[PDB]
Amino acid sequence: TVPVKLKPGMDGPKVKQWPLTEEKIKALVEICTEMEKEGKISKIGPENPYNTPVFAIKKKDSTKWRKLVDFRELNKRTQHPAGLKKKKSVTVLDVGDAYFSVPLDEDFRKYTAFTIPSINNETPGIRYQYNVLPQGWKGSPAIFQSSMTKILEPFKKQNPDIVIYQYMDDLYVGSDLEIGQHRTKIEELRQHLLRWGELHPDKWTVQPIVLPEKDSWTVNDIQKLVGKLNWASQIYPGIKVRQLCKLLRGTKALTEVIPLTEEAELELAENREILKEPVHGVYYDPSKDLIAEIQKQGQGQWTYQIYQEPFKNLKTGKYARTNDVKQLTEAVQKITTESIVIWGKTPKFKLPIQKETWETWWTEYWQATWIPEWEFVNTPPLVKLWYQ
Amino acid sequence: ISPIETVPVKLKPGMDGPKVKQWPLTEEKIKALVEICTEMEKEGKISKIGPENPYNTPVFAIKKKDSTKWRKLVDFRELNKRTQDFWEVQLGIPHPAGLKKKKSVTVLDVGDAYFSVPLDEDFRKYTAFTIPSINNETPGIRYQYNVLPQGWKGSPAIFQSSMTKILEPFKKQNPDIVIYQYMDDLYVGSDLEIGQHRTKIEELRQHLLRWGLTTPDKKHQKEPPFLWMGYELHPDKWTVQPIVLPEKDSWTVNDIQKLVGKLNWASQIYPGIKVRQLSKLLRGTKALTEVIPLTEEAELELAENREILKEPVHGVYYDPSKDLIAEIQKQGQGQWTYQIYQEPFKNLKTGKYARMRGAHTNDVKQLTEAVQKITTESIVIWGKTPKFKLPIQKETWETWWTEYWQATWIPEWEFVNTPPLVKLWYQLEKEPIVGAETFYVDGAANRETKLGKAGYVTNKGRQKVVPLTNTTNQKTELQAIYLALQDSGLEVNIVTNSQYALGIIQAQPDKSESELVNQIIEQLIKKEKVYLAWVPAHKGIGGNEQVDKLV
DNA sequence: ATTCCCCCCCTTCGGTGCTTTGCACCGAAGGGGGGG
């Protein structure tokens, strides 16, 4: 393809580089030197005013470094098979080393500039720009889209039951086959791709809300329960707290045992049936963006909610498993992979972490080829365990 | 001139060259300016232009800290505003602590750096200026720049790129030579003996001269100590150049501002530098000439800083075969010091952290911020994260990071027993306390008149209300909690409808900008066991009928 | 009386978001230090 103009009335990325470890710097220098020889990248000067961050990862624990470029700002200025979710097994293969044979438009190469730093600022950073289609940019799968069909036509027609979805540099192969037959067909697909150059979405279960069950209830216990139902009323209406509020009238000791009246057990039980229900009316708007909140429940437990509008949850989950940042980073990569398979868009996370803490360590444990947008929450969202 | 390819530089789209007219200058300045212009024209730095150049730019002179000498400067502010944007390749400042011990070391400076790199041919017309046409009448002679101008915002980046392009073949043919390049300053280190190193230095000098860059011998350093980037470099140690603090008798705002700046510079190698009590004198006074009398606390800090800055202190270089260790100490009032070293009592570099982030915070939060700052700074200099020695105990950190709602982490670290220790001064019970009084608190303030009442009711036959003036809902809720703490015993359950007060208290602070919160904190430390519970605001709970229709 | 680029700290002020239209957090700009 060719004209890849930006969105009208805005400029290119101007993001800073942020420091890198000397182990990762040595990997980037070796990688970029090899790419320069092949003509994939070329050195530039300071007259280019654009810059995007770059770093290296160790995806799949293959002990081979992989270069990653944060195109999150270039993707925002450039301008899905519903049966994949119901599939049994979704294999995710990498087709990143295939866009290197498609030259990039000459007028667009200036926006893909990046800088490799140096230890102790020994030398000014070495700058490069992309000559071929880069990895991580939203236009790479779009320009190569017309070329993927030619390679996927001899395969998809041979096995119509195979569902194949491409996002960024990742191929999602979904089949209703067995543990072994799926793998054999994957090898056939892999070798088929070479000629021209593990998820289980069926096992994913929503996380409901559960009321605590007790034989005897204290004033403190009822007060905590009343707060839950009042908060849950906004999510699941039809929840009324009157016969439970009537047990919290008058000044009482917080540990006083309150005998549950026979007429109040109905509301406690009735609200439980309402609570044990998938709240309908949640329709994924294709135009709006996905927001994923994450809460730290302690003891190595994390809960998340994916929604487009407040109190209208599209998906609720719970990720279980010393290193808090690594656990959060693993959760982000697992939620994002879920959203790509289910909806096809990476969510906009609201991480429960300090901004300085996240930027320092998130690159260490990252292993995906895509980066979602995230925002850092500061208010303490711990008043009662609403999502326990 | 340098036979290096020019960098294509243009103006911002839709812009034009400057047309500013030159302000009048005294007859003393004009003579030096015309002499300088004549010399530069005869050297080829500038060229005379005819009447076809519409653009112009004012030009003035400075003393150059030499009285007799008069450096010529050009006010390129208009051109810089109209000049395209550049991306700076200078991402930071080299530090001597990151240097490795080298057998042979040289420091060189390129003379007349900017005047050696040619300017792009199409851009020369915008750089046109005119000399103050004499006292007056006859027009001035007008010149245009042929090389990189001084005062133009694109000069540093272009020169840095040209220097890198010049130096890359030499580095490729000499892989065992370390070259730190900062603008026109070169630091060359090698493990060769003095003779071979000196032979290689002359080879580098002839390489630069092949590209027109000259290295005068007056800025060429061959013997230690080396004055490099504000530091004194010795064969096995380094120091900052001498620091002279002011000795005024009646300080002003500007004097204190300059005093604090030098103490921050000295804190990189002098341990224990405090500037908290001195920087507090800069709050509330905005005039730069106002005389601020020194307070008692500020006088104490100044004397301590003077005493610390008296003995000679030096750092050491970096050995890649040893592990970096950073030790942190707490000085009080949100101030921390830290020393990064490799072997004990030989500091690679010191530093301090005194940033006050957030209105309410504790020592454990600030320790994590200091650790993160140290890690980020160490990655820049050495590329690896050091092992930490913190004054917090393992159990305290375990409790904090397990009970905290946020995700926090600290890399490999060990406990060092040096007081004062970092601890949490109080803890909130997870369950209500049996036998202790329950205080249902509530504070309501009228927004219109800024008047309110804060009060509490209790399980027993007690009840209190107190009126507050110039207050809000949040302040009334905090005051209600404070009253509940004030008139209770050692164990207390407090039920409140305010999420703001619960969010403030639950973080376990010990210092706060708000004075009311400090009283609450000092009351919480006195108590033995405290339970804090949240209740819905207006849903008929016991703290809603007899606590809201009241205060 | 008049310039330029880079890093840092400390204080002040405006913007943003949630909620409790006050309060907490953040980023940019002023001052200062240092380098060229």
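Side-chain atoms are counted along with the backbone in the values below, which use heavy atoms only and exclude waters and symmetry mates. Naming convention: chains lettered A, B, ... in sequence-line order (proteins, then strands); numbering from 1 in each chain.
From the dihedral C1'-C2'-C3'-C4', which is positive here, one reads the pucker of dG32(C) as north, toward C3'-endo. Because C1'-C2'-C3'-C4' is positive for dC7(C), its sugar is assigned to the north class. Judged by the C1'-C2'-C3'-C4' torsion, the sugar of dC9(C) sits on the south side, since the angle is negative. Pucker annotation for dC25(C) reads south, on the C2'-endo side, since its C1'-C2'-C3'-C4' dihedral is below zero. On the basis of its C1'-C2'-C3'-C4' angle being positive, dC5(C) carries a north sugar.
Across the protein-nucleic acid pair, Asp184(B) atom CG and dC6(C) atom P stand 16 Å apart, rounded to whole Å. Straight-line distance from the CZ atom of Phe76(B) to the P atom of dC5(C): 13 Å, rounded to whole Å. Rounded to whole Å, the distance from CG on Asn121(A) to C1' on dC8(C) is 13 Å. Going from atom CG of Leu233(B) over to atom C1' of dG35(C) covers 13 Å, rounded to whole Å. Atom CG of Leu79(B) is separated from atom P of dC5(C) by 12 Å (rounded to the nearest Å). Rounded to a whole Å, the CD atom of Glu88(B) is 5 Å from the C1' atom of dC5(C). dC6(C) atom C1' lies 16 Å from atom CD of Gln17(A), rounded to whole Å. Computed from coordinates, the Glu78(B) CD to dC4(C) P distance equals 12 Å when rounded to whole Å.
Applying the side-chain hydrogen bond (donor to acceptor under 3.5 Å, both in side chains) rule to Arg127(A) yields the partners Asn51(A), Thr115(A); only residues at least two apart in sequence or on another chain are considered. Checked against side-chain hydrogen bond (donor to acceptor under 3.5 Å, both in side chains), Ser514(B) has no partners two or more places apart in sequence or in another chain. By the side-chain hydrogen bond (donor to acceptor under 3.5 Å, both in side chains) test, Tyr353(B) is found to be paired with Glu369(B), residues two or more places apart in sequence or in another chain being considered.
Side chains of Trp152(B) and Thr83(B): a donor-acceptor N/O pair is present below 3.5 angstrom, by distance only. Between the side chains of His314(B) and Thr239(B), no donor-acceptor pair of N or O atoms lies under 3.5 Å. For the residue pair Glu28(B)/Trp70(B), the side-chain donor-acceptor check at 3.5 Å is satisfied.
With both ends at atom P, the span from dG15(C) to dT20(C) equals 24 Å, rounded to whole Å. Distance noted for atom P between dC23(C) and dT19(C): 16 Å (whole Å). Here, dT2(C) and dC6(C) have their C1' atoms 23 Å apart, quoted to the whole Å. Nucleotides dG36(C) and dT3(C) have their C1' atoms positioned 15 Å apart, rounded to a whole Å.
Residue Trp23(B) and nucleotide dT2(C) are classified as a stacked aromatic pair, their ring centres being separated by less than 5.5 Å at an interplanar angle below 30°.
Mapping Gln150(B) and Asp109(B) onto DNA chain C by nearest heavy atom places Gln150(B) closer to the 5' end of the strand. Comparing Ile504(B) and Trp228(B) by the nucleotide of DNA chain C whose heavy atom lies nearest to each, the residue mapping closer to the 5' end is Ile504(B).
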Under the side chain to side chain contact (heavy atoms under 4.5 Å, CB included) rule, what do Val105(B) and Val188(B) come out as? Steps first, then yes or no, please.
CA-CA 6 Å; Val105(B) 55; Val188(B) 179; over 6 Å; no

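Among the atoms of the strands shown, only primed sugar atoms or phosphate atoms (P, OP1, OP2) are found under 4.0 Å from some heavy atom of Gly261(B). Residue-level contact check: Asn254(B) touches the backbone only, with heavy atoms under 4.0 Å from sugar-phosphate atoms and none from bases. Looking at heavy-atom distances under 4.0 Å, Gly154(B) makes no contact with the nucleic acid at all.
If you check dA24(C), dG34(C), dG27(C) against the side chain of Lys355(A), the one that comes closest is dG27(C). The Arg77(B) side chain lies nearest to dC4(C) when the options are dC4(C), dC25(C), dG34(C). Side-chain proximity of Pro156(B) to the nucleotides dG35(C), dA24(C), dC4(C) is greatest for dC4(C).
Salt bridge status for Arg77(B) with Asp75(B): present, with a side-chain N to carboxylate O gap under 4.0 Å. Between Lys348(A) and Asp289(A) there is no salt bridge, since none of the side-chain N atoms of the basic residue sits less than 4.0 Å from a carboxylate O of the acidic one.
Among pairs with a residue in residues 268-286 of chain B, those fulfilling salt bridge (charged side-chain N to carboxylate O under 4.0 Å, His left out) read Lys274(B)-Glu304(B), at least two apart in sequence or across chains.
At the phosphate of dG33(C), neither OP1 nor OP2 sits under 4.0 Å from any side-chain N or O atom of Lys258(B).
Under the 3.5 Å distance criterion, the side-chain polar atoms of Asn362(B) are left unmatched by any main-chain donor or acceptor of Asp510(B).
Nearest heavy-atom pair across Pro49(A) and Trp87(B) is O-CE3, 3.9 Å.
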Protein within reach of the bases, or only the backbone? For nucleotides 10-22 of chain C, mark each nucleotide 5' to 3' as B, S or -, using heavy atoms under 4.0 Å.
SSS-------B-S

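For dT21(C), the glycosidic angle deviates from 0 by more than 90°, giving an anti base.
Note that the two end axes of the helix from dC4(C)-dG36(C) to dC18(C)-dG22(C) enclose an angle of 20°, each drawn from 5 base pairs, rounded to 10 degrees.
In the interface, the side chain of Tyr182(B) is paired with the base of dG35(C) through a donor and an acceptor atom under 3.5 Å apart.
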